[PDB]
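Observations on the model geometry
What follows is the residue order along each chain.
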Amino acid sequence: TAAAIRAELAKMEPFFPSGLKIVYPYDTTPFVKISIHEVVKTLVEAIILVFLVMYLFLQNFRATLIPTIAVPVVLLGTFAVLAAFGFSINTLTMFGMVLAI
Amino acid sequence: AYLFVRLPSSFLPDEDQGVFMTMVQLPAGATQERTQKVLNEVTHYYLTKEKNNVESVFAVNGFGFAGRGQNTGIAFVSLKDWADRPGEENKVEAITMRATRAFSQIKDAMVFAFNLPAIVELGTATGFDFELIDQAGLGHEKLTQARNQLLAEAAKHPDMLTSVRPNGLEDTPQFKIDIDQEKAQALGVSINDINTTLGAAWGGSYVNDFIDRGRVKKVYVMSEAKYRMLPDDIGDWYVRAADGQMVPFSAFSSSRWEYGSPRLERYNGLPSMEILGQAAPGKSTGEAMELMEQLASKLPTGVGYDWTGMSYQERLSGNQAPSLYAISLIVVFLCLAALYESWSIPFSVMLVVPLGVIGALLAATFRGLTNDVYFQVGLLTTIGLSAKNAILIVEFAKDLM
Amino acid sequence: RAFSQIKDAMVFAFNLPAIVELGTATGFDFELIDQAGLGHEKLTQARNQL
Amino acid sequence: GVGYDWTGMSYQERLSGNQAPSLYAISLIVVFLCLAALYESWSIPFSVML
Amino acid sequence: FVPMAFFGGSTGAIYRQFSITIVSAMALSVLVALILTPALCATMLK
Amino acid sequence: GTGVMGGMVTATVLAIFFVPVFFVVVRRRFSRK
Amino acid sequence: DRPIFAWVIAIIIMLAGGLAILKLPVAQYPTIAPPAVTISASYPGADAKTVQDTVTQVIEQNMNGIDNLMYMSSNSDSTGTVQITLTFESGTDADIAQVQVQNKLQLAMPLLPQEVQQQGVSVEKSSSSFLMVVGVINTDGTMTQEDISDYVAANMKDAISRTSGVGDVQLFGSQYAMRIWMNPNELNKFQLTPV
Amino acid sequence: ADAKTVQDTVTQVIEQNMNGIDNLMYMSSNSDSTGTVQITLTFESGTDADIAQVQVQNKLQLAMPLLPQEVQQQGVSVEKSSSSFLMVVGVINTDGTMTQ
Amino acid sequence: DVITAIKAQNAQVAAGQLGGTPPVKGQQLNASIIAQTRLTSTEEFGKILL
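Scoring rules and cut-offs
- Residues numbered from 1 in each chain as written, not as in the entry; some residues may be left out.
- Chains lettered and ligands numbered in written order.
- Part of a larger assembly, values for the part shown.
- Heavy atoms only, no water.
- Contact = heavy atoms within 4.5 Å.
- Buried area = accessible area lost by both parts, 1.4 Å probe.
- Salt bridge = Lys/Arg side-chain N within 4 Å of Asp/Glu carboxyl O.
- Helix = DSSP H or I, 4+ residues; strand = E, 2+ residues; numbered from the N terminus.
- Pairing = 2+ DSSP bridges.
- Buried < 20%, exposed > 50% of the residue type's maximum accessible area, 1.4 Å probe, protein only.
- Polar contact = N/O pair within 3.5 Å; in protein donor to acceptor, adjacent residues only side chain to side chain.
- Nonpolar A, V, L, I, M, F, W, Y, C, P; charged D, E, K, R; others polar.
- 1 Å grid on protein atoms, 1.4 Å probe; cavity = no way out; pocket = protein on both sides within 12 Å on 5 of 7 lines; lining within 4 Å.
- Points joined across faces, edges and corners; volume = space filled by probe spheres on them.
- Axes fitted to C-alpha atoms, helices over the stretch in contact; angles between N-to-C directions.
- Parallel < 35°, antiparallel > 145°, perpendicular 65-115°, else oblique.
- Left-handed = near helix turned anticlockwise from the far one by under 90°.

This deposited entry lists X-ray crystallography as its structure determination method and 3.56 Å as its resolution.

Per the PDB entry, chain I goes by Acriflavine resistance protein B and derives from Escherichia coli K12.

The PDB entry lists chain G under the name Acriflavine resistance protein B, with Escherichia coli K12 given as the organism.

**Points about the interface of chain G and chain B**
Interface size, as often reported, equals the accessible area lost upon joining of the parts. Between chain G and chain B, the residue contacts involve 54 residues of the former and 55 residues of the latter. In total, chain G and chain B occlude about 5,000 Å² of area from one another, counting both sides; carbon and sulfur atoms represent 57% of this. The tally of links from chain G across to chain B stands at four salt bridges. Mapped onto the side of chain G that touches chain B, the elements with two or more residues apiece are α2 (48–61), β2 (71–77), β5 (132–137), α5 (153–161) and α6 (185–188) of chain G. Per-element tally for the side of chain G that touches chain B: the top contributor is β2(G), with seven residues. Looking at chain direction, strand β12 (residues 263–267) of chain B and β2(G) are connected through five bridges and run antiparallel. Directly across from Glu265(B), in β2(G), lies its bridge partner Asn75(G).

**What about the sheet that holds strand β1 (residues 17–18) of chain I?**
Taken in spatial order, the four strands of this open sheet run β11(B)-β6(B)-β2(I)-β1(I), and their pairing is mixed. If you trace the sheet from one side to the other, it starts and ends with β11 (253–259) of chain B together with β1 of chain I, each paired once. Examined bridge by bridge, strand β6 (residues 173–179) of chain B and strand β2 (residues 31–34) of chain I share two bridges and lie parallel to one another. In the sheet register, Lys176(B) faces β2(I), and the bridge partner there is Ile34(I).

**Description of the environment of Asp67(G)**
All names here are of chain G. Of note, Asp67 is situated in the loop between α2 and β2. With a relative accessible area of 46%, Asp67 lands in the partly exposed category. Along the sequence, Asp67 and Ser126 sit 59 residues apart, while their C-alpha atoms lie 18 Å from each other. When residues no more than four places from it in sequence are discounted, the contact partners of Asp67 are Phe88 and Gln100.

**Quick notes on the interface of chain G and chain H**
Across the boundary between the two partners, chain G contributes 21 residues, which contact 18 residues of chain H. Taking both partners together, chain G and chain H bury about 1,600 Å²; carbon and sulfur atoms supply 48% of that area. Counting across the chain G and chain H interface gives one salt bridge. Here chain G and chain H share five residue pairs in polar contact between them. Counting only elements with at least two residues in the side of chain G that touches chain H, the list comes to α3 (96–105), β4 (122–125) and α5 of chain G. Take the side of chain G that touches chain H: its biggest share by element is five residues, from α3(G). Looking at side-chain class alone, the side of chain G that touches chain H contains five nonpolar, eleven polar and five charged residues.

**With respect to the pairing of strand β13 (residues 270–277) of chain B**
All names here are of chain B. Here six bridges tie strand β4 (residues 128–133) to β13, and the two strands are oriented antiparallel to one another. Bridge pairing in β13 links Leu132 to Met273. Here β12 pairs with β13 via two bridges, running antiparallel. Bridge pairing in β13 links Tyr267 to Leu270.

**Side note on empty space enclosed by the protein**
On inspection of all chains with the given rule, the structure shows three cavities of 30 Å³ or more. Looking at the largest cavity, its volume works out to about 50 Å³. As for the largest cavity, its lining consists of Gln376(B), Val377(B), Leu380(B), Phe1(E), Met4(E), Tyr15(E), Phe18(E), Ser19(E) and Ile22(E). Put simply, the second largest cavity is a space of about 40 Å³. Lining the second largest cavity are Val352(B), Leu355(B), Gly356(B), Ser386(B), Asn389(B), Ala390(B), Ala11(F), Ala15(F) and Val21(F). Its residues placed into classes, the lining of the second largest cavity shows six nonpolar, three polar and no charged.

**Points about the packing of helix α3 (residues 41–51) of chain A against helix α5 (residues 66–78) of chain A**
All names here are of chain A. Across the interface, α3 lies against α5 with an axial gap of 9 Å and an inter-helix angle of 155°. As the angle between them shows, α3 and α5 are arranged roughly antiparallel. In the packing of α3 onto α5, the handedness of the crossing is right-handed. Residues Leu43, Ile47, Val50 and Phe51 of α3 lie in contact with α5, whose contacting residues are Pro67, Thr68, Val71 and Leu75. Of the residues in the contact of α3 with α5, the class split is seven nonpolar, one polar and no charged.

Shown next as structure tokens:
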């Protein structure tokens, strides 16, 4: 929005005269940039924790690859069927994606 | 079931934002001079004894929520990163705590510093927002008394507690110039000429538009502040008559101090004052709203009651937690017989579920916390994923039968 | 040819671009803006300079 | 205080460019696939895709 | 899952912020771990 | 996820053998009919 | 069932799945608003009692036949301003609940004093929260409050309010006006009046 | 009115009120010496020709009385554009010539 | 003359404020000024002078 409130602001920076440094006293953007970076975390080290705990129990790279090749497909597929028909496409669905992970 | 009723619910939890804001408000018709004294006393705190947490203070004087005025003002706060403030003592959780303490500890005017409720608005958790309406068509003064009478009996209940306060309360003395219509008409002055004088010289007038170095801008005529600071300045304003000379005020006008409201509010075309309150440290909403329902019913005629906050409308956990698992249950119970058949399986699993729901209330209680809408999703995955542990041993076995 | 060959005023005779408008093939449409708030006369000169 | 802007023309965002390489990129990923649906392996994906 | 899609009004669709998706997971997991997985088992294994 | 991991240990230790699971194809299928 | 397919189904649902992650940036929330449509009028200089009787009550009188609607609140202020927020049902139509409210005002428009008209009147969508506050401060030949807030409006604000889905831009200050500060004594001396 | 007046008195007043119109790409103006001006708000390919219509009209509905009462009653209208014609239908006389 | 005298007496006017927007540094009180107000009854309308 929001990526475009900055857009106009970006093009009017050069025509500015003496001493016009635009600051950011209050911005919401930071956290939505983080509410993705902190759930990629609880997804990557979920995957790392997935092909571990398999070396315990079943053992072997050649057998731990199978239950881990399935996890990208289900996750990638889930944020595809958000748009589908006439519904979602959001975060919190990406935050709550982790609880479904 | 005991670990359940004792454990309170949770909406969407008050989560820190990396940014928060304060709330400044002044008494009976304070000046822009007096409120800046308070805003400077606030901008000071964040910049002096909180250098390691506060990035920026964007103090705005004359703003304030619930409406603008020369009596409000609020300041926005940017916080120093996220990693730059490690502990709980270092973030919004308790940053506001000493802020609320230090501001309210000693001050001539009230100051808060709330936390952003992690959304746009509406429905905190246990909150309420009452509204009292002029129904029969009584006076505003006759209404405000019933508002005070309700605030008198509500606060009279620290037993089954509540915390109730109104909005932009005031009713500040406003100066009324009483123009004598027949005294003015006698000495040659036009009524559509005195009111223009009194209006433009004290309030200001939008005359026309003018071009300023590229674009169209406004032309306001108001008059110097030197001659509009105090009631005595009304006199030294001169108005021209039909004779061709100047008749001043007071010779045709009357000067009186009188009470009036700076903020009149109306709910649904009817004059209605708003009251904001609480639940109690013990009970919540269901009773906090219920006792408030008839505190207004036990007072002056033509008063009524209404809610907007808050009071949903139609949602929450109640009505969206029993009928939820009713239509979940009818589904749950079914297809526990899809390839399993009969009422043989519908008890081998449909009530294996209260194993997961055990803690849960242990984790939710013995870890502080409270039952929220991720508990109301986790409590709901500890049902279905527990089935691949339950319906995948009744099927994993009984296929031996 | 015949119109533009000899005339006191300019005359063209274009062909309808097979649609409503926008994007011929290799065409462009530049626009020069008063940004700092200069005069129209001060602008028209930069238009001429370009 | 002069700046620049385009409207014609300058699309906005279309043409052959940006709508001819990424077009056959998502065409290629499809093309290359199911040249193994009932054909299997990377045996067929070169017997036809080129 | 799903049925919470007949929800309330101002807790908008927070239970449809997913009674589905954990179904867009489950049914897709049911199908992705149905079409694929048996095919992933008997290839490189043992 | 606290309601999950907790809702787990109470259904990964108290389910695996404890109460229901096992009283399921036995106690709940017949014992009566 | 055999091999070389399935993996291709896994090639889809990941490419077609990853085509829907091309929704980057993508929002934070889930919009959970019973939509708010606000009308703002401003009688300059007039008291709170006048602006209730002269504009507030006149607007509320014309609020009949707006589709859906939940309630209607008002705030006739002493600053000479009032906002009327019509709240609709969660997920009505922010674009259709907008135009009706505007076209109920379009029959209450000339019943308002011509002092209050030309002085604005506008209908927009509400949120009560900000995405960005962008402070333009001076770090050289200090322009000053009045000088800056004018420039930020005469160079920046116009491009914002008329761009990517902005509800309303509450700028911090005001743009310049040709202010005529009258003197009643240098006004009495020449038998003149503010009129 | 001249081209300079119609820029300052109507054109700039309308453009000033163009805040909060959904989507929108750009905004062009043509303050003419004939005493006329058109403001064309261009939207994204396949927005809604019926919803992008009413907002533009209801931004003008707060710039309406800021325009001189000489310019009001003398029209003001908001419609959808194409810049091309389907039909030109000439009504000509072939008897007692009526005249232009 | 009935009409002209009606709106002359039955009028609601917006006057300025004591200690307005641009103040004198040291202003203590801020209050709104009420001049004329709308007549509310049949008796007050009867007293409208012509």
